[PDB]
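*Asks:* The file below is start_35.csv, CSV, C-alpha atoms and all ligand atoms:
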chain,number,residue,atom,x,y,z
A,46,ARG,CA,12.7,-17.2,33.3
A,47,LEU,CA,13.6,-15.5,36.6
A,48,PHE,CA,10.6,-13.1,37.0
A,49,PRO,CA,6.8,-13.1,36.4
A,50,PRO,CA,6.1,-12.5,32.6
A,51,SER,CA,4.7,-9.1,33.2
A,52,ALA,CA,7.9,-7.8,34.8
A,53,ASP,CA,9.5,-8.1,31.3
A,54,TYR,CA,6.8,-6.1,29.5
A,55,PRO,CA,8.4,-3.6,27.1
A,56,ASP,CA,7.8,0.2,27.3
A,57,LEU,CA,6.3,1.0,23.9
A,58,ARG,CA,5.1,4.6,24.5
A,59,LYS,CA,5.7,6.7,21.3
A,60,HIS,CA,6.6,3.5,19.2
A,61,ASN,CA,4.9,3.7,15.8
A,62,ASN,CA,5.4,0.1,14.5
A,63,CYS,CA,2.9,-2.7,14.0
A,64,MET,CA,4.2,-4.9,16.8
A,65,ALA,CA,3.8,-2.0,19.4
A,66,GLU,CA,0.2,-1.4,18.1
A,67,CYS,CA,-0.8,-5.1,18.5
A,68,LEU,CA,1.1,-6.2,21.7
A,69,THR,CA,-1.1,-6.5,24.8
A,70,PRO,CA,-0.2,-7.5,28.4
A,71,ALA,CA,-2.2,-10.8,27.8
A,72,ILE,CA,-0.4,-11.7,24.6
A,73,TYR,CA,3.0,-10.9,26.1
A,74,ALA,CA,2.4,-12.9,29.3
A,75,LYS,CA,1.0,-15.9,27.3
A,76,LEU,CA,4.0,-16.0,24.9
A,77,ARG,CA,7.1,-14.8,27.0
A,78,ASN,CA,8.0,-18.4,28.1
A,79,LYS,CA,7.2,-20.2,24.8
A,80,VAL,CA,10.1,-21.2,22.5
A,81,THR,CA,10.6,-22.7,19.1
A,82,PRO,CA,12.3,-26.1,18.7
A,83,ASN,CA,15.6,-24.2,17.9
A,84,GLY,CA,15.0,-22.0,21.0
A,85,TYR,CA,13.9,-18.7,19.4
A,86,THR,CA,12.0,-16.5,22.0
A,87,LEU,CA,9.4,-13.8,21.8
A,88,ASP,CA,11.8,-11.2,23.1
A,89,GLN,CA,14.1,-11.9,20.2
A,90,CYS,CA,11.2,-11.7,17.7
A,91,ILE,CA,10.2,-8.2,19.0
A,92,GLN,CA,13.5,-6.7,19.9
A,93,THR,CA,13.8,-4.7,16.7
A,94,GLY,CA,10.3,-3.1,17.4
A,95,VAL,CA,11.3,-2.3,21.0
A,96,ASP,CA,14.7,-0.7,20.0
A,97,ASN,CA,13.3,1.2,16.9
A,98,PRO,CA,10.3,3.4,17.8
A,99,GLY,CA,10.2,4.9,14.3
A,100,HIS,CA,11.9,5.0,11.0
A,101,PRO,CA,12.7,8.2,8.9
A,102,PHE,CA,11.1,7.0,5.6
A,103,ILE,CA,8.5,4.1,6.1
A,104,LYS,CA,6.1,2.4,8.5
A,105,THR,CA,7.8,-0.6,10.2
A,106,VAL,CA,6.6,-4.0,11.4
A,107,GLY,CA,8.8,-4.1,14.6
A,108,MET,CA,9.2,-7.9,14.6
A,109,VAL,CA,11.0,-10.8,12.7
A,110,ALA,CA,10.8,-14.5,12.7
A,111,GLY,CA,13.9,-16.6,13.7
A,112,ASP,CA,12.6,-19.8,12.0
A,113,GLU,CA,9.5,-21.2,10.3
A,114,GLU,CA,8.0,-22.3,13.6
A,115,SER,CA,8.1,-18.7,15.0
A,116,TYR,CA,5.0,-17.9,12.9
A,117,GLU,CA,3.1,-20.8,14.6
A,118,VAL,CA,4.5,-20.5,18.2
A,119,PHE,CA,4.0,-16.7,18.2
A,120,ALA,CA,0.8,-16.6,16.0
A,121,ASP,CA,-1.1,-14.6,18.7
A,122,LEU,CA,1.3,-11.7,17.9
A,123,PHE,CA,2.2,-12.3,14.3
A,124,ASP,CA,-1.4,-12.8,13.1
A,125,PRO,CA,-2.7,-9.3,14.2
A,126,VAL,CA,0.6,-7.8,13.1
A,127,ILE,CA,0.1,-9.4,9.6
A,128,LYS,CA,-3.5,-8.1,9.4
A,129,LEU,CA,-2.4,-4.6,10.4
A,130,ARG,CA,0.6,-4.5,7.9
A,131,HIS,CA,-1.2,-6.1,4.9
A,132,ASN,CA,-4.5,-4.1,4.9
A,133,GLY,CA,-6.9,-6.7,6.3
A,134,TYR,CA,-5.3,-10.0,5.2
A,135,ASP,CA,-6.0,-12.3,8.1
A,136,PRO,CA,-4.0,-15.6,8.2
A,137,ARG,CA,-6.4,-17.1,10.8
A,138,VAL,CA,-9.3,-17.1,8.3
A,139,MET,CA,-7.8,-16.5,4.8
A,140,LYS,CA,-5.5,-18.3,2.3
A,141,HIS,CA,-3.0,-17.0,-0.2
A,142,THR,CA,-2.8,-17.9,-3.9
A,143,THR,CA,0.5,-18.1,-5.6
A,144,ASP,CA,0.5,-17.3,-9.4
A,145,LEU,CA,3.8,-17.1,-11.4
A,146,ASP,CA,2.3,-17.4,-15.0
A,147,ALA,CA,4.0,-14.5,-16.8
A,148,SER,CA,1.8,-14.9,-19.9
A,149,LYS,CA,-1.1,-13.1,-18.0
A,150,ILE,CA,1.0,-9.9,-18.2
A,151,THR,CA,0.2,-9.3,-21.9
A,152,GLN,CA,1.1,-5.6,-22.1
A,153,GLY,CA,3.9,-4.0,-20.1
A,154,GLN,CA,5.8,-1.0,-21.4
A,155,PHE,CA,6.3,2.4,-19.5
A,156,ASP,CA,7.0,5.8,-20.9
A,157,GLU,CA,10.8,5.9,-20.8
A,158,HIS,CA,11.0,9.8,-20.6
A,159,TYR,CA,9.9,9.4,-16.9
A,160,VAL,CA,10.6,5.8,-15.7
A,161,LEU,CA,14.4,5.2,-15.6
A,162,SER,CA,14.6,1.5,-14.5
A,163,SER,CA,12.2,-1.4,-13.7
A,164,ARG,CA,12.8,-4.2,-11.1
A,165,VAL,CA,10.9,-7.3,-9.7
A,166,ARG,CA,12.1,-9.1,-6.5
A,167,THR,CA,11.0,-11.8,-4.1
A,168,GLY,CA,12.6,-13.9,-1.4
A,169,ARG,CA,12.7,-17.6,-0.5
A,170,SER,CA,13.6,-19.5,2.6
A,171,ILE,CA,15.0,-23.1,2.8
A,172,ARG,CA,13.1,-25.3,5.2
A,173,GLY,CA,15.0,-26.9,8.0
A,174,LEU,CA,17.4,-23.9,8.5
A,175,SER,CA,16.9,-20.9,10.8
A,176,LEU,CA,16.3,-17.4,9.2
A,177,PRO,CA,18.9,-14.6,9.5
A,178,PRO,CA,17.8,-13.3,12.9
A,179,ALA,CA,18.7,-16.7,14.5
A,180,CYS,CA,20.9,-18.7,12.2
A,181,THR,CA,24.3,-20.0,13.5
A,182,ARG,CA,27.4,-19.6,11.4
A,183,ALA,CA,27.0,-23.3,10.3
A,184,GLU,CA,23.3,-22.9,9.3
A,185,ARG,CA,24.1,-19.8,7.3
A,186,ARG,CA,27.1,-21.5,5.5
A,187,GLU,CA,24.7,-24.5,4.8
A,188,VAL,CA,22.2,-22.0,3.1
A,189,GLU,CA,25.1,-20.6,1.0
A,190,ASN,CA,26.1,-24.1,0.1
A,191,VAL,CA,22.5,-25.2,-1.0
A,192,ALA,CA,22.1,-22.0,-3.0
A,193,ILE,CA,25.5,-22.1,-4.7
A,194,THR,CA,25.1,-25.8,-5.8
A,195,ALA,CA,21.6,-25.2,-7.2
A,196,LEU,CA,22.5,-22.0,-9.1
A,197,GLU,CA,25.3,-23.6,-11.1
A,198,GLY,CA,22.5,-25.6,-12.8
A,199,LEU,CA,21.1,-22.4,-14.5
A,200,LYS,CA,21.6,-22.2,-18.3
A,201,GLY,CA,21.4,-19.7,-21.3
A,202,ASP,CA,20.8,-16.1,-20.4
A,203,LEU,CA,20.3,-17.2,-16.7
A,204,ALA,CA,23.9,-18.6,-16.5
A,205,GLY,CA,26.0,-16.8,-13.9
A,206,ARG,CA,28.7,-16.8,-11.3
A,207,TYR,CA,28.6,-16.6,-7.5
A,208,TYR,CA,30.7,-13.9,-5.8
A,209,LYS,CA,31.5,-14.3,-2.0
A,210,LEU,CA,31.5,-10.9,-0.3
A,211,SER,CA,34.6,-12.0,1.8
A,212,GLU,CA,36.5,-12.4,-1.5
A,213,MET,CA,35.2,-9.1,-3.1
A,214,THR,CA,37.3,-5.9,-2.8
A,215,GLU,CA,35.7,-2.8,-1.1
A,216,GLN,CA,36.0,-1.0,-4.5
A,217,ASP,CA,34.0,-3.8,-6.4
A,218,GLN,CA,31.4,-3.9,-3.5
A,219,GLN,CA,30.7,-0.1,-3.6
A,220,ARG,CA,30.5,-0.1,-7.5
A,221,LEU,CA,27.8,-2.8,-7.4
A,222,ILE,CA,25.9,-0.8,-4.6
A,223,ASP,CA,26.1,2.5,-6.5
A,224,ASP,CA,24.7,0.7,-9.7
A,225,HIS,CA,21.8,-0.8,-7.7
A,226,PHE,CA,22.9,-4.4,-8.1
A,227,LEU,CA,24.2,-5.3,-4.5
A,228,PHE,CA,22.8,-4.7,-1.0
A,229,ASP,CA,24.3,-2.1,1.3
A,230,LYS,CA,26.3,-3.2,4.4
A,231,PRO,CA,23.7,-3.9,7.2
A,232,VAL,CA,24.1,-0.7,9.2
A,233,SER,CA,20.3,-0.1,9.5
A,234,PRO,CA,19.2,-0.4,13.1
A,235,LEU,CA,16.1,-2.4,12.1
A,236,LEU,CA,18.5,-5.1,10.8
A,237,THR,CA,21.3,-4.8,13.5
A,238,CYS,CA,18.7,-4.9,16.4
A,239,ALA,CA,17.1,-8.0,14.8
A,240,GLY,CA,20.5,-9.9,14.9
A,241,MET,CA,20.8,-9.8,11.0
A,242,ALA,CA,24.3,-8.3,10.9
A,243,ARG,CA,26.0,-11.1,12.8
A,244,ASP,CA,29.3,-12.5,11.4
A,245,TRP,CA,29.1,-10.1,8.3
A,246,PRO,CA,30.1,-10.8,5.6
A,247,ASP,CA,30.5,-14.6,6.4
A,248,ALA,CA,28.5,-16.6,3.9
A,249,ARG,CA,27.0,-13.6,2.2
A,250,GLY,CA,27.3,-13.1,-1.5
A,251,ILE,CA,25.8,-12.2,-4.8
A,252,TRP,CA,25.1,-14.4,-7.8
A,253,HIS,CA,24.4,-12.8,-11.2
A,254,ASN,CA,24.2,-13.4,-15.0
A,255,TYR,CA,26.5,-11.4,-17.3
A,256,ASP,CA,24.1,-8.7,-18.2
A,257,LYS,CA,23.1,-8.2,-14.4
A,258,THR,CA,19.4,-8.7,-15.4
A,259,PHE,CA,18.9,-11.7,-13.1
A,260,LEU,CA,20.5,-11.5,-9.7
A,261,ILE,CA,20.3,-13.5,-6.4
A,262,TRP,CA,21.4,-12.1,-3.0
A,263,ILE,CA,22.4,-14.8,-0.5
A,264,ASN,CA,22.0,-14.5,3.3
A,265,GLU,CA,21.5,-10.8,3.7
A,266,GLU,CA,17.9,-9.9,4.5
A,267,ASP,CA,16.7,-13.5,3.8
A,268,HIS,CA,18.1,-16.9,2.8
A,269,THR,CA,17.7,-15.7,-0.9
A,270,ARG,CA,16.4,-12.6,-2.6
A,271,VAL,CA,15.6,-13.3,-6.2
A,272,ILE,CA,15.8,-10.2,-8.4
A,273,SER,CA,15.0,-9.4,-12.1
A,274,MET,CA,15.8,-5.9,-13.4
A,275,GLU,CA,17.1,-3.7,-16.3
A,276,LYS,CA,17.4,-0.2,-17.6
A,277,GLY,CA,14.1,1.2,-19.0
A,278,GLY,CA,10.4,0.4,-18.3
A,279,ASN,CA,9.7,-2.9,-20.0
A,280,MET,CA,8.0,-4.7,-17.0
A,281,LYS,CA,6.5,-7.5,-19.2
A,282,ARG,CA,9.9,-9.0,-20.2
A,283,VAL,CA,11.4,-8.3,-16.7
A,284,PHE,CA,8.6,-10.4,-15.2
A,285,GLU,CA,8.9,-13.2,-17.8
A,286,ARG,CA,12.6,-13.5,-16.8
A,287,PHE,CA,11.6,-13.3,-13.1
A,288,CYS,CA,9.0,-16.1,-13.4
A,289,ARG,CA,11.2,-18.3,-15.6
A,290,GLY,CA,14.3,-17.8,-13.4
A,291,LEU,CA,12.4,-18.4,-10.2
A,292,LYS,CA,10.7,-21.6,-11.4
A,293,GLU,CA,14.1,-23.0,-12.4
A,294,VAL,CA,15.8,-22.0,-9.2
A,295,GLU,CA,13.0,-23.8,-7.3
A,296,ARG,CA,13.3,-27.0,-9.5
A,297,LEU,CA,17.2,-27.0,-9.0
A,298,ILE,CA,16.8,-26.6,-5.2
A,299,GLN,CA,14.1,-29.3,-5.1
A,300,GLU,CA,16.3,-31.7,-7.2
A,301,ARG,CA,18.5,-32.3,-4.0
A,302,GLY,CA,15.6,-32.7,-1.5
A,303,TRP,CA,15.2,-29.1,0.0
A,304,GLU,CA,11.8,-27.4,0.2
A,305,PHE,CA,11.0,-23.7,0.4
A,306,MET,CA,9.3,-22.4,3.6
A,307,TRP,CA,5.6,-22.2,2.6
A,308,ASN,CA,2.2,-22.8,3.9
A,309,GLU,CA,-1.4,-22.0,2.6
A,310,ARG,CA,-2.1,-19.3,5.1
A,311,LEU,CA,1.2,-17.3,4.8
A,312,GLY,CA,2.3,-18.2,1.4
A,313,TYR,CA,6.1,-18.0,1.2
A,314,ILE,CA,7.7,-17.5,4.6
A,315,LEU,CA,10.5,-14.9,5.1
A,316,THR,CA,12.2,-13.1,7.9
A,317,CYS,CA,9.9,-10.0,8.1
A,318,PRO,CA,6.0,-10.3,8.1
A,319,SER,CA,6.0,-7.4,5.5
A,320,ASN,CA,7.4,-9.9,2.9
A,321,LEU,CA,5.0,-12.8,3.4
A,322,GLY,CA,2.8,-14.3,0.8
A,323,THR,CA,4.5,-13.4,-2.5
A,324,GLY,CA,7.4,-11.4,-1.0
A,325,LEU,CA,7.1,-9.6,-4.3
A,326,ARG,CA,8.1,-6.0,-4.8
A,327,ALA,CA,7.7,-4.9,-8.5
A,328,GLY,CA,8.8,-1.4,-9.0
A,329,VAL,CA,10.4,1.4,-11.1
A,330,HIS,CA,12.6,4.4,-10.6
A,331,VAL,CA,10.6,7.4,-11.9
A,332,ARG,CA,11.4,11.1,-12.4
A,333,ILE,CA,8.2,12.7,-11.1
A,334,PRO,CA,9.2,16.4,-10.5
A,335,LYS,CA,5.6,18.0,-10.5
A,336,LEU,CA,3.8,15.0,-8.9
A,337,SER,CA,6.2,14.7,-5.9
A,338,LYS,CA,6.0,18.3,-4.6
A,339,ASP,CA,2.1,18.3,-4.7
A,340,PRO,CA,0.6,18.0,-1.1
A,341,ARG,CA,-1.9,15.2,-2.0
A,342,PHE,CA,0.7,12.7,-3.4
A,343,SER,CA,0.8,10.5,-0.2
A,344,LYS,CA,-3.0,10.1,-0.5
A,345,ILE,CA,-2.7,9.0,-4.2
A,346,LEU,CA,0.0,6.4,-3.2
A,347,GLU,CA,-2.0,4.8,-0.2
A,348,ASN,CA,-5.2,4.6,-2.3
A,349,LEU,CA,-3.4,3.0,-5.4
A,350,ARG,CA,-1.7,0.5,-3.0
A,351,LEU,CA,1.9,1.9,-3.7
A,352,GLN,CA,4.9,2.7,-1.4
A,353,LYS,CA,7.3,5.6,-1.8
A,354,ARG,CA,11.1,5.1,-1.4
A,355,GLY,CA,14.4,7.0,-2.0
A,356,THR,CA,16.6,6.6,-5.1
A,357,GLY,CA,19.1,4.4,-3.1
A,358,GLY,CA,16.3,2.3,-1.4
A,359,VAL,CA,14.3,2.0,1.9
A,360,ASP,CA,16.9,3.8,4.1
A,361,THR,CA,17.6,6.8,1.7
A,362,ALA,CA,15.9,9.9,0.5
A,363,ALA,CA,15.0,10.8,-3.2
A,364,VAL,CA,17.7,12.4,-5.4
A,365,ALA,CA,17.0,14.6,-8.6
A,366,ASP,CA,13.2,13.8,-8.0
A,367,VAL,CA,13.9,10.1,-8.9
A,368,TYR,CA,11.5,8.2,-6.8
A,369,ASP,CA,11.4,4.4,-6.2
A,370,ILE,CA,7.6,3.5,-6.7
A,371,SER,CA,6.4,-0.1,-6.1
A,372,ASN,CA,3.4,-2.2,-4.7
A,373,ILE,CA,2.8,-1.9,-0.9
A,374,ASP,CA,0.9,-5.2,-0.4
A,375,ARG,CA,2.5,-8.6,-0.6
A,376,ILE,CA,-0.1,-11.2,0.5
A,377,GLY,CA,-3.8,-11.7,-0.4
A,378,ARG,CA,-3.0,-10.9,-4.1
A,379,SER,CA,-1.0,-13.1,-6.4
A,380,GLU,CA,2.3,-12.2,-8.1
A,381,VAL,CA,0.5,-11.7,-11.5
A,382,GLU,CA,-2.1,-9.5,-9.8
A,383,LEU,CA,0.6,-7.4,-8.0
A,384,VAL,CA,2.6,-6.8,-11.2
A,385,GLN,CA,-0.7,-5.7,-12.9
A,386,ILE,CA,-1.4,-3.2,-9.9
A,387,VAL,CA,2.2,-1.8,-10.6
A,388,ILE,CA,1.7,-1.5,-14.4
A,389,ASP,CA,-1.6,0.4,-13.7
A,390,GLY,CA,-0.3,2.2,-10.6
A,391,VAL,CA,2.7,3.7,-12.4
A,392,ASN,CA,0.6,4.9,-15.5
A,393,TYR,CA,-1.7,6.9,-13.2
A,394,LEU,CA,1.6,8.4,-11.7
A,395,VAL,CA,3.0,9.1,-15.3
A,396,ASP,CA,-0.2,10.9,-16.4
A,397,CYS,CA,-0.6,12.7,-13.0
B,1,LIG,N1,13.1,-0.1,-9.5
B,1,LIG,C1,14.4,-0.2,-9.2
B,1,LIG,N2,15.4,0.1,-10.2
B,1,LIG,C2,16.7,0.1,-9.9
B,1,LIG,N3,17.2,-0.2,-8.6
B,1,LIG,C3,16.3,-0.5,-7.6
B,1,LIG,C4,14.9,-0.5,-7.8
B,1,LIG,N4,14.3,-0.8,-6.7
B,1,LIG,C5,15.3,-0.9,-5.7
B,1,LIG,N5,16.5,-0.8,-6.3
B,1,LIG,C6,17.8,-0.9,-5.6
B,1,LIG,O1,17.8,-2.1,-4.8
B,1,LIG,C7,18.7,-1.8,-3.6
B,1,LIG,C8,17.9,-2.2,-2.3
B,1,LIG,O2,16.8,-1.3,-2.2
B,1,LIG,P1,15.5,-1.7,-1.3
B,1,LIG,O3,14.7,-0.5,-1.2
B,1,LIG,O4,16.1,-2.4,0.0
B,1,LIG,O5,14.8,-2.8,-2.2
B,1,LIG,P2,14.4,-4.3,-1.7
B,1,LIG,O6,14.0,-4.3,-0.3
B,1,LIG,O7,13.4,-4.6,-2.8
B,1,LIG,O8,15.8,-5.0,-1.9
B,1,LIG,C9,19.1,-0.3,-3.7
B,1,LIG,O9,20.4,-0.2,-4.2
B,1,LIG,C10,18.1,0.3,-4.7
B,1,LIG,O10,18.6,1.4,-5.4
As structure tokens, how would this structure be written, given the file I've shared?
*Replies:*
Amino acid sequence: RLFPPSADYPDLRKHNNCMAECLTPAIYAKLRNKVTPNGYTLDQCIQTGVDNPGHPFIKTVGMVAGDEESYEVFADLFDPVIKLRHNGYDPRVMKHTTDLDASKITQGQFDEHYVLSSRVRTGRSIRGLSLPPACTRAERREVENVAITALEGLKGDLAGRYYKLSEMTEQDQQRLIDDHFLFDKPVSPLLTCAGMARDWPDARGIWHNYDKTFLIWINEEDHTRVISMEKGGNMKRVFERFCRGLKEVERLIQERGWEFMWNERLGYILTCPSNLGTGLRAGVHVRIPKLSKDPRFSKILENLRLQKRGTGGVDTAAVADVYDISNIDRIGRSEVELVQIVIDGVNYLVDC
């Protein structure tokens, strides 16, 4: 690079994201010239946190990984960012336990007068291929190809079809978005500034079973986003389908020699440090008219480990008091333990 490292130091005054709160002159100077084997840089990692000083509805991380090696090469920034975002989980000293045994959720039925729908998602990355911030068009097509091939192996109620977004009409896309089945077009500046809207919709698509109760998003926010959902509040069956579907998807992918990005410190590796560990967001849509307008609601959400979101997701506000309520933490606690903290965390919200 053409200047001293410090000449490139970003202006982060009035930036309220984890990256800006952890970046120091020392860390920046030490990492500016380091690169991953695929050539991903620190400036690319942090660009979204530099360009986006806030967000209208949620606290942001302000950095993304371009590849698996980003988390090693830029550990001096990612590690304190991970600790800050995940309430003390420290990948330098701790390890993460994966647990997808659905039987340990023995009771799971919400009051259907208040809770409209129930959903469990995670993400998975394929090792050897760059993540969405950095992937070339050929890497991204390869991800689609590896995913497509594996998912044709799914049987029974998990049988489904892949739909390329390039071959889907605007009318069919918008329908699926309005019915909470398909991702929005990446217009969010968090995503665009991280390089995650490049070449859209090339190699993006949705795979789903006929009932739309097991869905997989390909190459939007991650390589894959694996989703289980339905109308109502039966979290116990939703999670049994999630665990069964996910274990099979893994086996089908592993059958051809691909591995998921994973290590013992970070659990499953994904684009954004907010989705590390389990990557798991178990949630419901809930009509909480009285509980929402109360001034102490934000304190009850942060203490119960839950996040608030709009009816149309992270970038929207609530409509008709219908709030998206799900677990805030994703690493340090297992998938089982996180589902349990959503079953309990909603019932406090249904009573209160
Ligand atoms: N519990 C839920 N029930 C029904 N739809 C949901 C639920 N949670 C999220 N969604 C839908 O998923 C889509 C993406 O929302 P987002 O907040 O980005 O969730 P995620 O990051 O888990 O994909 C939106 O269309 C949103 O309405």
*Asks:* Please report the interatomic distance between CA of residue 352 (chain A) and CA of residue 124 (chain A) in Å with one decimal.
*Replies:*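 Atom-to-atom, CA of residue 352 (chain A) and CA of residue 124 (chain A) are spaced 22.1 Å apart.
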*Asks:* Hey, which residues come within 9 Å of ligand LIG 1 (chain B) if we count all atoms listed in the file? Could you give them as a PyMOL selection string?
*Replies:* chain A and resi 160-167+221-229+266+270+272+274-277+325-331+354-361+368-371
*Asks:* For CA of residue 156 (chain A) and CA of residue 345 (chain A), determine how far apart the two atoms are, in Å to one decimal place.
*Replies:*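 If I compute the distance from CA of residue 156 (chain A) to CA of residue 345 (chain A), I get 19.6 Å.
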*Asks:* So how far away is CA of residue 320 (chain A) from CA of residue 293 (chain A), in Å?
*Replies:*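 Calculated distance between CA of residue 293 (chain A) and CA of residue 320 (chain A) is 21.2 Å.
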*Asks:* Using all atoms listed in the file, pick whichever of A:240, A:231, A:324, A:173 has the shortest atom-to-atom distance to residue 82 (chain A).
*Replies:* A:173
*Asks:* May I ask which of the residues A:332, A:130, A:249, A:243 is the closest one to residue 211 (chain A), counting only C-alpha atoms?
*Replies:*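 For residue 211 (chain A), the nearest of the candidates is A:249.
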*Asks:* Anything within 10 Å of (24.5, -20.5, 3.1): list those residues as a PyMOL selection string, counting only C-alpha atoms and sticking to the file's coordinates.
*Replies:* chain A and resi 171+174+180+182-193+247-250+263-264+268-269
*Asks:* Within 12 Å of residue 73 (chain A), counting only C-alpha atoms, which residues show up once you throw out same-chain ones fewer than 3 positions away? Write them as an MDAnalysis selection string, please.
*Replies:* chainID A and resid 49:55 64:65 67:70 76:79 86:88 90:91 119:123
